[PDB]
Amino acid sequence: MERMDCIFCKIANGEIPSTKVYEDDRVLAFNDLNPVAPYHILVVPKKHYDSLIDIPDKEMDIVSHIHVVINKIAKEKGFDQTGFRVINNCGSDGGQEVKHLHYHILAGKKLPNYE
């Protein structure tokens, strides 16, 4: 379902404004407020999960659906052939700040390589 205090529940259900790039009955994709690349898009389920590690194994296909949507967005926006990065930050060490499952799509420039 949803969480009353969750900013991404409210963005996903339209109660807080965003710039939407894709929507279906299971997910919303919208531009990040603080982009780190020319494309910085968040893909979220409409159902609230706190984080990846909180999705039961039996429910993990939400992540596959998110990935079908990521590929659709990359093709539509013309960054599939140039390339892109997909990130999930889980919990404290992962750097998660908003506790509602989200995947970052970063594209439109050559991204840094971790060294």
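The first residue of the sequence shown is number 1, and the count goes up from there.
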property	result
Mean C-alpha B-factor comparison - 11 to 19 and 92 to 100, higher one	11 to 19
Mean temperature factor over C-alpha atoms, higher-scoring stretch between 82 to 90 and 26 to 34	26 to 34
Chain thirds of CA B-factor: placement of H48	middle
Ranked C-alpha temperature factor of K77 among modelled chain residues, by third	highest
